[PDB]
Structures are given as structure tokens and as C-alpha cells.
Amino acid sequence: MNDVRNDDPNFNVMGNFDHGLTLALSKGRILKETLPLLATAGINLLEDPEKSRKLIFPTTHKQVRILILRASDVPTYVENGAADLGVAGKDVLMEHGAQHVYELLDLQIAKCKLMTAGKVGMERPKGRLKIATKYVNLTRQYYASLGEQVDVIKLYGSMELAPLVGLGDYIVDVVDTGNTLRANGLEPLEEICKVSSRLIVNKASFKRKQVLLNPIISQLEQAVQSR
């Protein structure tokens, strides 16, 4: 039983294999809409990670370190217990189909729609369709829902490029406003599901470290104006 939790000294503490808490966060617009909410719970960074060479950022909590991961890695880290909890699009989480995990909260930030997409004035091709996409299992299940089997093409980069150079017949990506799409002579077509960032917790992490977690979770819920 020690007391002090507050931590001003940054570039300090951090440590390895924290048996305190270890928070994995996606690194895109998600990050920026996320840290506001963590603010509410007395968990804040002490520098600009944009401008740090640091790999494990310490926080205002002596008991919480932070990782900025590639958004595909977050469920990998929490699945395995490298992270006790983190934040990711339901898109990633559904595709990853992570095992040893609890989704505890729709943060209702970074909201958008997993959609099929096509070239402006597209023509339906002939035979088995090719689909350029980052989310394989999700399109494979969405076309399995319409009975059609398709040819898939995995990409890790910008999916907007694929149609303009003629990689796919169609693509599957997240559409927020889908303004970017129009600007590149492309169209939103259909809707596969609606999508927001979620808070996930390793199950065993949750069994033991409840003492630390409960306060944090409660505060995040309230920050969403959880009615």
C-alpha cells in the first residue's frame, strides 16, 4: 500500500512489463478525439508524442503507461496481454476477431460506415468480382450474406488509389463524410455496418487489476454523457 499516484516528471517512470496498467491507442484522427476523454479521467501525456522518439510514454497517473499503435496492432496487443486495455475502430476489432477480450464501451468517436465503393458511373463487371480492401473477412462475410463468392485483393495502404489505376472492380473502406471519395471521382455505394471506436480490456487483466480499471472506465462512460 503506497499512496502517491500523481506524476509530473515525464521522460521518467514508464518501465517494463507494468503490473500497473498499459493502455494501447490507435494513432490516426482516433488518437486526437480520444485524449480529450482520458483527460476527464486524470490520465494525460506530458509531451507531444508527434515530436518524441519515446516508445512507451508515461502519464499523469504513476500507474498507467501509454503506447501509440498502428490501429491494427491494438487488438493484437490487448488479445495477448501486452496491453491491459485500449481503443480501436469496431471495423478493426470485428476483422481481428480477438479472443481474450471484453468490449466495455462505445466511445461514439471517429464514427463512420464500412461501405462498398465504385468509380463514378461504374459498369457491373462479368463473372467473379475482384474487391480491393484492407478488411478481408468482413467483405468475405458481407458477400457470403448476399450468396456471391468474390475474389479478394488485400491492401495495407490508401484504398482510394486502387480504382483509379484499375486494381479492383470495387473496394471496401470506411466512409465518414466520403467527401475525399467524390473529390477523386469515386462514389459511396452501399453500407455493410456503422462504425465507432470502442474500449476493449484483456479478460484476465480485468479479473486482477479491477481496483485501477473500474475508476477509469466509470469516468470515461460519464464523459460520453452516458444517459
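Start at 1 with the first residue shown and count on from there.
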11 to 19 versus 210 to 218 - which carries the larger mean C-alpha B factor in the record: 11 to 19
Mean CA temperature factor from the deposited coordinates, higher in 185 to 193 or in 62 to 70? 185 to 193
Based on the PDB entry, the highest CA temperature factor among the options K119, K134, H96, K90 is that of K119
Using the temperature factors in the entry, find which of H100, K111, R140, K126 has the highest value at its Cα atom. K126
Which third, lowest, middle or highest, does the CA B-factor of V150 fall in along this chain? highest
For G166, return the chain-relative third of its C-alpha B-factor as stated in the PDB record: lowest, middle or highest. middle
Based on the deposited C-alpha B factors for this chain, I'd like to know if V201 is in the lowest, middle or highest third. lowest
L37: CA temperature factor from the record, placed by chain third, in the middle
Of the three thirds of the chain ranked by Cα temperature factor, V172 occupies the lowest
